[PDB]
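Notes follow once the structure below has been shown.
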There are 2 protein chains.
Amino acid sequence: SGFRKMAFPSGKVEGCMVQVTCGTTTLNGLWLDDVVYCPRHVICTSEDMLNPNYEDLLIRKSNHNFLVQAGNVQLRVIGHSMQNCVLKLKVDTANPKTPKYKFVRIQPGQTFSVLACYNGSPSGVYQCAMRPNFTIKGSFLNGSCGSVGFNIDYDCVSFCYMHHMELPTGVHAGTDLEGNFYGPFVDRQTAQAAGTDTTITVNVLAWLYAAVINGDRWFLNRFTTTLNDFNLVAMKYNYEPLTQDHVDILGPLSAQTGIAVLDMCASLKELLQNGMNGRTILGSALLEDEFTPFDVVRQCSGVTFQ
Amino acid sequence: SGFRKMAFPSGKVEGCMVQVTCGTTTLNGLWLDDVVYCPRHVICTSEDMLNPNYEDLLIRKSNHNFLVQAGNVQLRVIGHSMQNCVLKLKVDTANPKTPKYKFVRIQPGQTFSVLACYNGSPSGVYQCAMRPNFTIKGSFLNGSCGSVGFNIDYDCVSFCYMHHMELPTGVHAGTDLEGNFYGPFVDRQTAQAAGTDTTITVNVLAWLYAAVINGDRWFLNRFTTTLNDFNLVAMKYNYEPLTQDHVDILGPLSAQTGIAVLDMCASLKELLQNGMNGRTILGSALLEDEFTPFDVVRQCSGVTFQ
Ligand SMILES: O=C1Nc2ccccc2C2(CCN(CCc3ccc(C(F)(F)F)cc3)CC2)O1
Ligand SMILES: O=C1Nc2ccccc2C2(CCN(CCc3ccc(C(F)(F)F)cc3)CC2)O1
């Protein structure tokens with residue numbers, strides 16, 4: 001019945017997006033209860049961004065210098081502080097649309113939805129993964145800083161990403177909602193290069209399970225393998241090593257399809273060695289690695305949210 | 001700065017989804033002002049679906065047989081009628097969350113977002129195209145019927161699709177919001193096969209323009225072509241014929257990049273003849289055809305919505 005790259009419904013997050021302006025710089029903020037969270041580089045000029053001293057730049061800013069606008073209506077800033085690379089602006093009004101929420105710091109390989117915004121207004125929603133090199137491959141133009149990534153479990157939004165930086169290579173870097181960057185990146189306009197973008201092996205396997213459930217099975221073979229034997233081939237192809245924890249997480253997909261995890265590893269190994277020979281799997285000519293095992297279960301089951 | 005398959009923010013549509021139950025069948029409805037729109041096959045049993053006489057089945061249904069539930073709260077049905085393949089259930093309460101909206105019947109090649117729902121509750125959002133054979137390639141399980149497709153232009157939601165049927169081949173068929181199917185499909189469980197799924201040429205070209213804007217340009221060559229010469233190769237590869245209307249629509253992308261439309265056609269022609277040779281374009285090993293020229297402009301510019 002079909003399998004699609006699918007984002008969470010975005011309404012709960014749309015009701016949290018505001019515009020934040022400091023000086024000549026405008027980007028997005030996240031309004032939850034009576035706090036607005038945004039990237040601290042809102043206080044920088046494009047001059048400042050080469051070597052900013054954020055503590056010093058903040059000395060010159062008062063509450064009234066942070067212009068916060070929710071739709072057409074202005075919010076009153078009654079306090080501000082810096083936590084790592086985010087500012088927290090206390091406003092005098094609790095966001096009436098605040099959903100149940102959590103702040104979560106995700107691990108490489110985990111997926112989330114991004115609500116890309118400009119000037120506090122939603123532009124679109126798409127699905128991303130935290131890459132093993134701690135970048136994400138997004139769609140972000142100037143003014144999109146402060147857009148957030150999130151997951152939803154029924155009624156509760158877990159915010160995991162806030163967007164801050166584009167690297168010279170066109171990939172993206174950002175923080176969790178406590179303001180700590182994922183990976184080694186900093187909020188300065190300098191030479192920072194991403195490391196190897198390896199493939200998230202457990203996600204590829206989950207997606208192969210999804211393909212089998214949906215009728216694409218030409219890649220199933222007569223072979224099996226072992227974790228160590230498969231991992232020799234994964235390393236050669238810049239795939240993440242597969243662990244027993246990963247095998248365990250694939251357990252429910254293995255059980256429903258009747259295909260042992262290591263048998264699916266042997267299918268993956270032949271795909272890596274032989275290529276696709278011009279065929280497709282679930283409409284892709286590449287092996288997709290931005291579906292987690294939990295994503296596959298969810299979509300193949302029809303789980304929903306408030 | 002990156003280019004992603006991107007859906008519209010879904011909040012405005014989330015506030016319109018309800019659950020509709022008739023007998024033992026539950027699916028989704030769309031609540032706009034004081035009318036709930038849903039597939040007429042809600043009145044069928046799985047028996048009925050082999051050869052339904054919808055007019056006859058409706059004789060046995062009264063207002064009180066249609067159970068409409070918005071979140072936890074029941075809506076009072078004060079009238080019902082059948083329009084083509086949709087039912088319209090008049091309720092006694094206008095949806096307080098009704099956005100500005102229109103009903104639009106789209107053309108093959110046009111794209112839209114789908115809010116997949118189960119039991120009136122949103123599950124996820126993804127982007128789709130109306131295929132040239134009038135199917136869509138979605139992600140729909142039992143109970144997702146009545147999920148809708150839509151586009152947004154600033155504050156106004158244009159609803160273009162309601163989901164009704166999965167064909168035996170795993171592709172999807174549905175109606176506009178006046179209840180007329182796209183293509184030749186009917187709401188009966190019978191032998192209906194899709195025609196040729198051809199590639200939407202103008203969308204592929206738009207996506208190649210997007211790639212150039214974002215740094216992927218290895219596929220640009222030293223050649224040009226003509227509409228007629230390109231169309232001979234398109235036919236061979238089951239690509240839609242390119243028209244002068246299509247060339248005109250690509251005009252703004254041509255102007256911004258400085259690459260004449262027919263020059264990009266010559267790049268596409270070499271890609272079709274030679275394949276990708278194992279390379280990728282914007283993270284795909286296939287030529288993507290579910291971005292319209294307007295989608296590319298929008299995403300490459302940062303246009304937003306209420
Ligand atoms: O729409 C429909 N009609 C339908 C019609 C005929 C056969 C099967 C179906 C199903 C019914 C639920 N069936 C869920 C089975 C399942 C799959 C994966 C997992 C898991 F591994 F992810 F956990 C668990 C259960 C999916 C297909 O759906
Ligand atoms: O974020 C940023 N910083 C930035 C930094 C350096 C160079 C360019 C930029 C741009 C500035 C706007 N620029 C829009 C140009 C444009 C592209 C396509 C079209 C169209 F063909 F679709 F119509 C029209 C205009 C995109 C990149 O963006």
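Each chain in the structure tokens gets a letter, A, B and so on, in the order shown; residues start at 1 in every chain, and ligands are counted from 1 in the order they appear.
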Taking only C-alpha atoms and all ligand atoms into account, produce a table as a tab-separated table in which each residue of chain A with an atom at most 7 Å from an atom of ligand 1 appears once, together with its shortest atom pair and the distance in Å to one decimal, ordered by chain and rising number.
```
residue	atom	partner	partner_atom_place_in_ligand_line	distance
A:252	CA	ligand 1	21 (F)	4.9
A:253	CA	ligand 1	21 (F)	3.8
A:255	CA	ligand 1	21 (F)	6.9
A:256	CA	ligand 1	21 (F)	4.9
A:296	CA	ligand 1	22 (F)	6.2
A:297	CA	ligand 1	22 (F)	3.3
A:298	CA	ligand 1	22 (F)	6.6
A:300	CA	ligand 1	18 (C)	5.4
A:301	CA	ligand 1	14 (C)	5.2
```
Within 7 Å of chain B, which residues of chain A show up when using only C-alpha atoms, listed as a ChimeraX atom specification?
/A:1-11,14,118,121-126,137-141,170,284-286,302-306
Do you have the CA of residue 136 in chain A-CA of residue 45 in chain A distance handy?
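Value for the CA of residue 136 in chain A-CA of residue 45 in chain A distance: 25.0 Å.
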I need the residues in range 87-209 of chain B that are helix (DSSP H, G or I) according to DSSP; give them as a list in words.
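Answer for range 87-209 of chain B restricted to helix (DSSP H, G or I) is residues 201, 202, 203, 204, 205, 206, 207, 208 and 209 of chain B.
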Let me see the file: selected residues, N, CA, C and O atoms, as a compact mmCIF listing (two decimals), in the first residue's frame.
```txt
# COMPACT_ATOMS: atom_id res chain seq x y z
N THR B 201 8.10 15.44 -17.80
CA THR B 201 9.32 16.04 -18.33
C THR B 201 9.58 17.44 -17.81
O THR B 201 10.72 17.76 -17.48
N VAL B 202 8.55 18.30 -17.75
CA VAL B 202 8.77 19.69 -17.34
C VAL B 202 9.22 19.74 -15.89
O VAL B 202 10.02 20.61 -15.50
N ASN B 203 8.72 18.81 -15.07
CA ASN B 203 9.16 18.73 -13.68
C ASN B 203 10.60 18.25 -13.58
O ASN B 203 11.37 18.76 -12.77
N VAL B 204 11.02 17.30 -14.41
CA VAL B 204 12.42 16.88 -14.35
C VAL B 204 13.32 18.07 -14.67
O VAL B 204 14.35 18.29 -14.02
N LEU B 205 12.97 18.82 -15.71
CA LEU B 205 13.77 19.98 -16.10
C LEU B 205 13.82 21.00 -14.97
O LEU B 205 14.89 21.55 -14.67
N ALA B 206 12.68 21.27 -14.34
CA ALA B 206 12.68 22.19 -13.21
C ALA B 206 13.65 21.73 -12.14
O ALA B 206 14.41 22.52 -11.58
N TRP B 207 13.63 20.43 -11.82
CA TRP B 207 14.52 19.88 -10.82
C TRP B 207 15.99 19.98 -11.24
O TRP B 207 16.86 20.23 -10.39
N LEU B 208 16.29 19.83 -12.53
CA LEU B 208 17.66 20.06 -12.99
C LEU B 208 18.07 21.50 -12.80
O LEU B 208 19.23 21.79 -12.50
N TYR B 209 17.15 22.44 -13.02
CA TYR B 209 17.45 23.82 -12.70
C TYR B 209 17.75 23.97 -11.21
O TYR B 209 18.72 24.64 -10.83
```
Which residue gives the smallest distance to ligand 2 among A:20, A:145, A:173, A:85, with only C-alpha atoms and all ligand atoms counted?
A:145
Nearest to residue 74 in chain B: which of B:227, B:58, B:264, B:91 is it, counting only C-alpha atoms?
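Comparing B:227, B:58, B:264, B:91 against residue 74 in chain B, the winner is B:91.
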Between B:70, B:249, B:86, B:235, which residue has the minimum interatomic distance to ligand 2, considering only C-alpha atoms and all ligand atoms?
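Under the stated criterion, the closest residue is B:249.
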Using Å and a single decimal, report how far CA of residue 165 in chain A sits from CA of residue 192 in chain A.
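The value is 10.7 Å.
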Can you list, as a PyMOL selection string, every residue of range 85-259 of chain A that DSSP puts in strand (DSSP E or B)?
chain A and resi 86-91+100-103+111-118+121-129+136+148-153+156-166+172-175+181+199+239
